[PDB]
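The structure under discussion appears below in the form of structure tokens.
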Protein chains: 2
Amino acid sequence: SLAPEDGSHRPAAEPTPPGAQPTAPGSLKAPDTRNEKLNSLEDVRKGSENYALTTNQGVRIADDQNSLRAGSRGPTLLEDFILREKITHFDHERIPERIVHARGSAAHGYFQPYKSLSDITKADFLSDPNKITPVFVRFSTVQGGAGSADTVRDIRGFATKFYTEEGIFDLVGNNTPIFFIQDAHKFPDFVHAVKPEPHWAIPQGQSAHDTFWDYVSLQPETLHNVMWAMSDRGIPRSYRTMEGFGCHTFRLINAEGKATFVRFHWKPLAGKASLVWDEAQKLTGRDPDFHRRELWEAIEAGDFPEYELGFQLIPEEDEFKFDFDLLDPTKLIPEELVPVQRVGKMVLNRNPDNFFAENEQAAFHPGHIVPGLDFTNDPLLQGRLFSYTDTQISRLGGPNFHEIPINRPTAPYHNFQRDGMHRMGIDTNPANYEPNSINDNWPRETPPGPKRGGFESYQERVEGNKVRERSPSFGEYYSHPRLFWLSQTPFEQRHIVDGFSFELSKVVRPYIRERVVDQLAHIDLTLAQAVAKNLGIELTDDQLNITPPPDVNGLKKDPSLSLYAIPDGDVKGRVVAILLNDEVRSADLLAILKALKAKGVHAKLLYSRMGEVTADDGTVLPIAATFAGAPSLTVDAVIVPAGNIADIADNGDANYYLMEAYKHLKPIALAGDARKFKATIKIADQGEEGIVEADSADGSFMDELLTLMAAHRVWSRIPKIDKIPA
Amino acid sequence: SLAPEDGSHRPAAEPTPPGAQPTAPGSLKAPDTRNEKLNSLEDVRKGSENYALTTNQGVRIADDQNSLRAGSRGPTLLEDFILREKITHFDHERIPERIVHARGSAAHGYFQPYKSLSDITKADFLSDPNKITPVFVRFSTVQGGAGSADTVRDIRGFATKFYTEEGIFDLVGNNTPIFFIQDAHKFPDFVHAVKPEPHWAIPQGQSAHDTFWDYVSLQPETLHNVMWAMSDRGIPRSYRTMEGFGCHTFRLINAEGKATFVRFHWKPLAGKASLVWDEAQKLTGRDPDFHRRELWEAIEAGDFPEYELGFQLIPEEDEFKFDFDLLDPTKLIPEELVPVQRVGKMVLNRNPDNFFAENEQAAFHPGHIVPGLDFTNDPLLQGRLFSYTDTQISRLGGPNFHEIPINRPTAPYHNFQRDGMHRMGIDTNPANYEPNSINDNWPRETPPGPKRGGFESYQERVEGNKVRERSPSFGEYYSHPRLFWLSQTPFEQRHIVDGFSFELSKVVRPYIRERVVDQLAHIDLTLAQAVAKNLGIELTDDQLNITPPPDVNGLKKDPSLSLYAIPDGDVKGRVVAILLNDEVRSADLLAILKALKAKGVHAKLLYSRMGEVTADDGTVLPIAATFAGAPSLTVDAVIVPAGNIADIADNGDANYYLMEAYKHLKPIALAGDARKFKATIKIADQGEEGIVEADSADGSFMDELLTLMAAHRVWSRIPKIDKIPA
Ligand code: HDE
Ligand code: HDD
Ligand SMILES: [S]
Ligand SMILES: [S]
């Protein structure tokens, strides 16, 4: 017995806030959280307590600390099969990572529609508000490896596996509504351009390098999704606080056979929120697992990630009524033109047990649709349909990847396919072909119908010659970039300018920088000039006179394109650093902690060492982490209570904590003599917006602080930080 | 879509300083640099200029921008074989990464011995000072994935493939002289404990988590290599500035059959140098590719990484003469007891062409020895011999991995092995077995002998029973940790204390921290007290009374264990940041660059935007990067020349740049009015050791700066950095 006698090795099986307990496998942390999929995995879950240590063949091991050798200092013997089985399994642990979205964090949960959508789709999962569909969702970056950092600037993946009663449906989306390229044939060119360059395999998790911006400069179709990636969209605060999109027009098909064009949306019920660049980049160093960690701990805390599924619906007759092509995945559909209809709610409420088995091996693919859904001729979507089945053959070792437990349907599956590597199912059918008489032709085809029918494609009219040709309707590249630009707040525009500037600064060949600046001048002159000024480049008279592209169907902005123009803040699940001193005013801390708790805001108590400190009244205060151990990057706001401030007034890390939080536009609250830190961050005596200060933490001090957190960051501070040495 | 007329897309094929040109594949950068191995790869190097784009089948492609579809807005057709090949190759690009050392950076070079070693070994590559052996070296971290960051705290790998005339020899070593564990059977337990924890796959690139410290607290044999990891050895400045070691006792065998025990060493000719932790950690976010990049740019610049191979030699009769067991890989052999004998020099002078094909697919394995070398019964080495061949079967796809070009011997290979996946060699031999008469028994066995003989194992006597039992002589765990601790300088010791304190503070279960502090009390009470204090732990009376372990054969310390105790600085290849203003004093910059050039020290010119600035005399100065884009983390020292200092005096980034450099102990030099920045880092008028200052940058000023750089960091400044908020 190596566990501590007090049982402190084992986390409580109850919701607990981030940092309060060690983290654990989902089925141990929350054994009573269940759904049909999670229950169906029971046949393969393997425990441990009270069991003997064995080989994989079931043979009990006596000494798992030594190899068999001739003499205790002699050579290891080949007959040591215990050693070789153990080292063999280790030697073969790794499987190929995903070609893109290799870095990803996943969780189990459930989806339910608000009402039956039978008038527009026969999809069973959307037929009944009392129908609950288990889901497994993986969120991801795009460029970096499985061991790359979370808070890079990149697009994010948002993939949802719906285990429906009529088959698996995978909605394989991203956190922006468009993609960089129009035709799947170019996907290896684009991906190779953004990925580490092939001579030296640099840079990881970054588009800030020559080949990416070379490609963009030569391929103006890319500029729309580039605008999104250069915006704070590219650096989300949390997977809980980004939007999701299904990227293409698909179709819904109802029982009567009518097709409706649809684009899919996920609205984050925790609101939209992003980091700022210096913070996100520094955070890849201080905690490269910050989003994986945050997702896991939100679920352990009961702050379940929730998202509302929404559809933009376009009648077949209106296919051609927009300035842009509905099939062009570089174009978005503005919500001012086509609103998002709410459809239902997804809640992610349990972590996996084993990350490799459930996360790394999960396979999502947008061809996995069900009756009630269908594709369109979007030529990026079209090529995706080939890729996501093909790539599993090496990634997951063969064509039986649907038998890997996470991937299995909960719906019945029966057919005449046989064999392949790793075959698990033992087929008893006398027949392995159809038509057959020897098993009365079972399993049998099923006519399409209103429910439980076989899949039949919508009979879309095709007409044209066999051509490798881009549609002329796809040949417009600047108006959507411009619509996005004009829809952002002035601070968001500034962050976009700074994103392009920083990235182009890492492009070693200056002519590539110049060429990208020329493209910017085709989108918006102000944008182009500000990026130019940062790069020491002067626009030509010609560039200064490029006429801007047309409005999009008469729109000069659409505020739904902004993260922040329409407030949607939610403080629950956010976190506040509390900077302790060795004699804290206990009445301040009582008022602070209870106000945070009442709003579901977490706290972490920090100090200059671990262990404990004692408050003015003798309360013992446990310390979560040191100032350097848990940097302001990791929190949403900072509170300093009154007390013996002289203890930390000259601590460089304490001061730097405030300067860093200040620079990144985070709310900061100072009570009593903690106001002496005003000098550190240069705050006027009479105060400033975004700094909460009072004689004590009572009265309106916590409300004012929470009000600031609800608006996420203090954008008004931007001109003040410019000159801060931090 | 083409190259600029001015040819600026293409790097000069001549040595150039870091940042002066885009980096490039080795064979294009340095086409005249050759060795026998580099030439033998010419069969598979593929160019590109003037060639038509084709499928893999050699069919020319007319339109690589589009999928074949029925109409230009129609569905993609299954007959588009050009799309499917392209997409299929892309879908299957990734192979499994290495179970450990997945993150690594490699280059080509050559080795030659200083003198014939035929008195001690018949190994052909050590037989003649004029026989040059091509090498391919890969440097690595251990825990993180192939997309994890370089400047983590971790052991580093240092693996060298020697392409000798008598076969491949791989010396597969690390940058510390021991390992954490004694028996290979435990390798998967230790590696699982240090790797990201299985439920949530956190943390990447870090031992700072509960399972690693749990295993260490329970397995005191690990404490020696833990001490090394917690010291600054865990965070090297560069692969060029760390030591390498072979980890085990091997044997040299001479022509007469005499066995000598040997331990291998690599001495960095650029000297020993490491980062400090705050710098290392922050640099994983600012440039997760820093070591990869620095290695590549050093080779492009002509600062070729050079290492001296060295042997510790122990005669056979001396096997039992120390107070530790020679075969125990948790024990080092102190150089005070057994000196390193210099054996020869290795020079890395060319980068690869394609990182995947040459670096990622390279296979190194310490069982790849040649006649003149042999093994010992080290029980860690014994089990490694199984693993490095086994793991290739999944990683490199089968038993023909030696036919992957980078892995091929330059020596002849012929044998009776046939088939396997992706078999390249087409054997014409009528026989595939021996003995055979049908091919007169060729290829034939070769008796052993002085040179060009067949491999025969040294006939070591084996006497003992078949046991799984650790040798009693291995059961001592504290004396080597202690010898290491006592050999460090006071600042090195502080950094070790801080490493343990930082790491344990991230262990969530407090009993684990306590158990580790109890282990530390068995090594040294001062160390144990200093860590305890940071964790808020008080040692018990019993802990205070633990008898320190014995000296190691009479040694109180061995200065060769310290990175810094004996000066060995080499500034060539180091880099300085020069912070520009909009009217640089050209006379200062002239003297600065001239002095740096004389010692082979590089410069990067930084400013608040990109583009150019013009000096006082009209000289146009291109800007390498902004203050934010290339932070003081990435350089060895900072110089601020005179001129229009008002331009940058109030720039927050310029000020921070000096605060960060100062905090990280780097030399700083300030000329003329740049002395105004003294106020940001609180230097008194009198000056301070480590800050160079004068009216202008002259002979004296640059000599002083260069002397400081030869000492790497300004350790005396440590007392003054607590206070700086940076
Ligand atoms: C709409 C959201 C989106 C878009 C437009 C694309 N990806 Fe994705 N992708 C693969 C291929 C592929 C192609 C051929 C295209 C356009 C032609 C896209 N992508 C764009 C893949 C290589 O087959 C992929 C890698 C492993 C795998 O199973 O499939 C793949 C991954 C991927 C994910 C991750 C799913 C997961 O396992 O977590 C996501 C969210 C996307 N793509 C979205 C996506
Ligand atoms: C019995 C298991 C085992 C043990 C005990 C060790 N190794 Fe190992 N090592 C492996 C099993 C392994 C491996 C699993 O076989 C790897 C990764 C896959 C590879 O080809 O080999 C590897 C890779 C690997 C590499 C990377 C080579 C490259 O660049 O490709 C290095 C430098 C080392 N090891 C160094 C060491 C040192 C200094 C050890 C202490 C003596 C050591 N290994 C013990
Ligand atoms: S998309
Ligand atoms: S080792």
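Residues in the structure tokens are numbered from 1 in each chain, the chains being A, B, ... in the order shown, and ligands are numbered from 1 in the order shown.
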Worksheet item: Within 7 Å of ligand 2, counting only C-alpha atoms and all ligand atoms: which residues, as an MDAnalysis selection string?
Response: (chainID A and resid 87 91) or (chainID B and resid 98:101 104 138:140 157:159 172:174 178:179 184:185 187 246:248 329 362:365 380:381 383:384 387:388 391:392)
Restricting it to N, CA, C and O atoms, dump the selection as a CSV table (one decimal), in the first residue's frame.
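As written to disk, again06.csv reads:
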chain,number,residue,atom,x,y,z
A,87,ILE,N,7.8,-4.5,-23.7
A,87,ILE,CA,8.6,-3.5,-24.5
A,87,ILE,C,8.0,-3.5,-26.0
A,87,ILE,O,8.0,-2.4,-26.6
A,91,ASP,N,6.9,-0.2,-27.9
A,91,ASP,CA,7.6,0.1,-29.1
A,91,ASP,C,6.7,0.4,-30.3
A,91,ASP,O,7.1,0.9,-31.4
B,98,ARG,N,8.4,8.9,-33.4
B,98,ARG,CA,9.2,8.0,-32.5
B,98,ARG,C,8.5,7.9,-31.1
B,98,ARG,O,7.9,8.9,-30.7
B,99,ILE,N,8.4,6.7,-30.5
B,99,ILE,CA,7.7,6.6,-29.2
B,99,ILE,C,8.3,7.7,-28.2
B,99,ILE,O,7.6,8.3,-27.4
B,100,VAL,N,9.7,7.8,-28.2
B,100,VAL,CA,10.4,8.9,-27.4
B,100,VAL,C,11.4,9.6,-28.4
B,100,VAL,O,11.7,9.0,-29.5
B,101,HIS,N,11.8,10.8,-28.1
B,101,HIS,CA,12.7,11.6,-28.9
B,101,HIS,C,11.9,12.0,-30.2
B,101,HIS,O,12.6,12.1,-31.3
B,104,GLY,N,13.1,16.4,-32.9
B,104,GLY,CA,14.5,16.3,-33.1
B,104,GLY,C,14.9,17.0,-34.4
B,104,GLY,O,14.1,17.3,-35.3
B,138,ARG,N,21.4,13.3,-35.2
B,138,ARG,CA,20.1,13.9,-34.9
B,138,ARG,C,20.1,14.2,-33.4
B,138,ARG,O,20.3,13.4,-32.5
B,139,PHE,N,19.7,15.5,-33.0
B,139,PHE,CA,19.5,16.0,-31.7
B,139,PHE,C,18.1,16.0,-31.3
B,139,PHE,O,17.3,16.3,-32.2
B,140,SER,N,17.7,15.8,-30.1
B,140,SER,CA,16.2,15.6,-29.8
B,140,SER,C,15.9,16.1,-28.4
B,140,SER,O,16.8,16.1,-27.6
B,157,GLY,N,18.4,14.2,-26.5
B,157,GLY,CA,19.1,13.1,-27.2
B,157,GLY,C,20.2,13.6,-28.1
B,157,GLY,O,20.2,14.7,-28.6
B,158,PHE,N,21.2,12.7,-28.4
B,158,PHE,CA,22.3,13.2,-29.3
B,158,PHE,C,22.8,11.8,-29.9
B,158,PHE,O,23.5,11.0,-29.3
B,159,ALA,N,22.3,11.6,-31.1
B,159,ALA,CA,22.5,10.3,-31.8
B,159,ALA,C,23.3,10.5,-33.1
B,159,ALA,O,23.0,11.4,-33.9
B,172,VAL,N,24.2,6.2,-29.8
B,172,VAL,CA,22.9,6.8,-29.5
B,172,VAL,C,22.9,7.3,-28.1
B,172,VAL,O,22.6,6.5,-27.1
B,173,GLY,N,23.3,8.6,-27.9
B,173,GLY,CA,23.6,9.0,-26.5
B,173,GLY,C,22.6,10.1,-26.1
B,173,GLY,O,21.6,10.4,-26.8
B,174,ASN,N,22.9,10.7,-24.9
B,174,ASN,CA,22.0,11.8,-24.4
B,174,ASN,C,22.9,12.9,-23.9
B,174,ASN,O,24.2,12.7,-23.9
B,178,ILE,N,24.0,9.7,-17.3
B,178,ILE,CA,23.2,8.6,-16.7
B,178,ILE,C,21.8,8.5,-17.2
B,178,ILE,O,21.4,9.4,-18.0
B,179,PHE,N,21.1,7.6,-16.8
B,179,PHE,CA,19.7,7.6,-17.1
B,179,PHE,C,18.9,7.5,-15.8
B,179,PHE,O,19.4,7.2,-14.7
B,184,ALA,N,15.9,-2.1,-18.2
B,184,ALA,CA,15.0,-1.8,-19.3
B,184,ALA,C,13.6,-2.3,-19.1
B,184,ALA,O,12.6,-1.6,-19.7
B,185,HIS,N,13.3,-3.3,-18.3
B,185,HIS,CA,12.0,-3.7,-18.1
B,185,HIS,C,11.1,-2.6,-17.6
B,185,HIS,O,9.8,-2.5,-17.9
B,187,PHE,N,11.4,0.6,-18.5
B,187,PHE,CA,11.3,1.7,-19.4
B,187,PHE,C,9.9,2.2,-19.7
B,187,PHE,O,9.6,3.4,-19.7
B,246,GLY,N,27.5,8.5,-23.9
B,246,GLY,CA,27.0,7.3,-24.5
B,246,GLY,C,26.1,6.5,-23.5
B,246,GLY,O,25.5,5.5,-23.9
B,247,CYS,N,26.0,7.0,-22.2
B,247,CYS,CA,25.1,6.5,-21.2
B,247,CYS,C,25.5,5.1,-20.5
B,247,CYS,O,25.4,5.0,-19.3
B,248,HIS,N,26.1,4.2,-21.3
B,248,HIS,CA,26.5,2.9,-20.8
B,248,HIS,C,28.0,2.5,-20.9
B,248,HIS,O,28.7,3.1,-21.7
B,329,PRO,N,23.6,2.1,-15.0
B,329,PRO,CA,23.5,3.4,-15.8
B,329,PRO,C,22.9,4.6,-15.0
B,329,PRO,O,22.8,5.6,-15.6
B,362,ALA,N,15.0,8.8,-40.4
B,362,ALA,CA,16.3,8.1,-40.0
B,362,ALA,C,16.1,7.2,-38.8
B,362,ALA,O,15.3,7.5,-37.9
B,363,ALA,N,16.8,6.0,-38.9
B,363,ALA,CA,16.6,5.0,-37.7
B,363,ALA,C,18.0,4.8,-37.1
B,363,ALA,O,18.9,4.3,-37.8
B,364,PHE,N,18.1,5.1,-35.8
B,364,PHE,CA,19.4,4.9,-35.1
B,364,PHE,C,19.1,3.9,-34.1
B,364,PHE,O,18.0,3.8,-33.5
B,365,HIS,N,20.1,3.1,-33.7
B,365,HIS,CA,19.9,2.0,-32.8
B,365,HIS,C,21.2,1.6,-32.2
B,365,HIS,O,22.2,1.2,-33.0
B,380,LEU,N,20.1,-2.0,-18.7
B,380,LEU,CA,19.4,-1.0,-19.4
B,380,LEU,C,19.8,-1.1,-20.9
B,380,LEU,O,18.9,-1.2,-21.7
B,381,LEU,N,21.1,-1.1,-21.2
B,381,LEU,CA,21.6,-1.4,-22.5
B,381,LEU,C,21.1,-2.7,-23.1
B,381,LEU,O,20.7,-2.8,-24.2
B,383,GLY,N,18.3,-4.4,-22.7
B,383,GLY,CA,16.9,-4.3,-23.2
B,383,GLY,C,16.8,-3.2,-24.3
B,383,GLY,O,15.9,-3.4,-25.2
B,384,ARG,N,17.6,-2.2,-24.3
B,384,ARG,CA,17.6,-1.3,-25.5
B,384,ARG,C,17.8,-2.1,-26.8
B,384,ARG,O,17.2,-1.8,-27.8
B,387,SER,N,14.7,-3.2,-28.4
B,387,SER,CA,13.6,-2.1,-28.8
B,387,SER,C,13.9,-1.4,-30.1
B,387,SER,O,13.0,-1.2,-30.9
B,388,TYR,N,15.2,-1.0,-30.3
B,388,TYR,CA,15.5,-0.2,-31.4
B,388,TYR,C,15.3,-0.8,-32.8
B,388,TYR,O,15.0,-0.1,-33.8
B,391,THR,N,10.9,-1.4,-32.9
B,391,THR,CA,10.0,-0.3,-33.1
B,391,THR,C,9.9,0.2,-34.6
B,391,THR,O,8.9,0.7,-35.0
B,392,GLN,N,11.0,0.0,-35.3
B,392,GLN,CA,11.0,0.3,-36.8
B,392,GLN,C,9.9,-0.4,-37.6
B,392,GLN,O,9.5,0.2,-38.6
Practice prompt. Compute the chain B side of the contact with chain A at 6 Å, counting only C-alpha atoms, and hand it back as number ranges by chain.
Written response: B: 25, 66-75, 83, 91-92, 94-96, 145, 147-148, 185, 198-200, 281-282, 284-285, 353-355, 377, 391, 464-471, 508, 534-536, 609-611, 651-653, 655-656, 722-726
Practice prompt. Could you please determine the separation between CA of residue 416 (chain A) and CA of residue 440 (chain A) in Å, to one decimal place?
Written response: 13.5 Å
Item to complete: Can you check which residues of region 328-476 of chain B DSSP gives as strand (DSSP E or B) on the backbone and send them as a list in words?
Response: residues 341, 342, 343, 344, 345, 346, 347, 348, 349, 350, 373, 374, 466 and 467 of chain B
Worksheet entry | Nearest candidate to ligand 1 (options A:17, A:177, A:47, A:334; using only C-alpha atoms and all ligand atoms) |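 So, comparing all the options, the nearest one is A:177.
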Fill in: Contact residues around region 578-590 of chain B with only C-alpha atoms at 8 Å, ignoring same-chain residues under 5 positions, as a list in words
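Here the answer would be residues 603, 604, 605, 606, 607, 613, 614, 615, 616, 617, 619, 627, 638, 639, 640, 641, 642, 643, 644, 645, 647, 648, 654, 671, 696, 697 and 698 of chain B.
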Practice prompt. Within 8 Å of residue 243 (chain B), counting only C-alpha atoms, which residues show up once you throw out same-chain ones fewer than 6 positions away? Write them as a ChimeraX atom specification, please.
Written response: /B:175-176,265-268,272
Residues just named, written with N, CA, C and O atoms as a JSON list (two decimals), in the first residue's frame:
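And here is the file that came out, again_26.json:
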[["chain", "number", "residue", "atom", "x", "y", "z"],
["B", 175, "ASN", "N", 22.43, 14.00, -23.38],
["B", 175, "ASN", "CA", 23.30, 15.14, -22.91],
["B", 175, "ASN", "C", 23.58, 15.09, -21.39],
["B", 175, "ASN", "O", 24.08, 16.11, -20.79],
["B", 176, "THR", "N", 23.25, 13.95, -20.76],
["B", 176, "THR", "CA", 23.64, 13.70, -19.35],
["B", 176, "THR", "C", 24.27, 12.30, -19.32],
["B", 176, "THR", "O", 23.96, 11.48, -20.18],
["B", 265, "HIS", "N", 32.02, 10.06, -24.72],
["B", 265, "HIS", "CA", 31.76, 11.46, -24.45],
["B", 265, "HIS", "C", 31.83, 12.26, -25.72],
["B", 265, "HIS", "O", 32.68, 11.98, -26.60],
["B", 266, "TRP", "N", 31.01, 13.29, -25.79],
["B", 266, "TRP", "CA", 31.19, 14.34, -26.81],
["B", 266, "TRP", "C", 31.39, 15.69, -26.11],
["B", 266, "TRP", "O", 30.56, 16.09, -25.27],
["B", 267, "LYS", "N", 32.49, 16.37, -26.43],
["B", 267, "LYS", "CA", 32.79, 17.67, -25.85],
["B", 267, "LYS", "C", 32.42, 18.73, -26.89],
["B", 267, "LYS", "O", 32.90, 18.66, -28.03],
["B", 268, "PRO", "N", 31.54, 19.73, -26.51],
["B", 268, "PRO", "CA", 31.16, 20.73, -27.51],
["B", 268, "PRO", "C", 32.32, 21.71, -27.69],
["B", 268, "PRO", "O", 32.74, 22.32, -26.70],
["B", 272, "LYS", "N", 30.15, 24.91, -23.15],
["B", 272, "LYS", "CA", 28.91, 24.48, -22.48],
["B", 272, "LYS", "C", 28.07, 25.71, -22.14],
["B", 272, "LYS", "O", 28.59, 26.67, -21.54]]
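For the pair CA of residue 397 (chain A) and CA of residue 401 (chain B), the interatomic distance is 19.1 Å.
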Worksheet item: Mind checking DSSP for region 324-459 of chain B and telling me the helix (DSSP H, G or I) residues as JSON, numbers by chain?
Response: {"B": [355, 356, 357, 358, 359, 360, 379, 380, 381, 382, 383, 384, 385, 386, 387, 388, 389, 390, 392, 393, 394, 395, 401, 402, 403, 405, 406, 407]}
Fill in: Long-range neighbours of residue 527 (chain B) as a list in words, 9 Å cut-off, only C-alpha atoms, 2 positions minimum in chain
residues 485, 493, 494, 496, 497, 520, 521, 523, 524, 525, 529, 530, 531 and 532 of chain B
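Computed from the coordinates, the CA of residue 562 (chain B) to CA of residue 245 (chain B) distance equals 14.9 Å.
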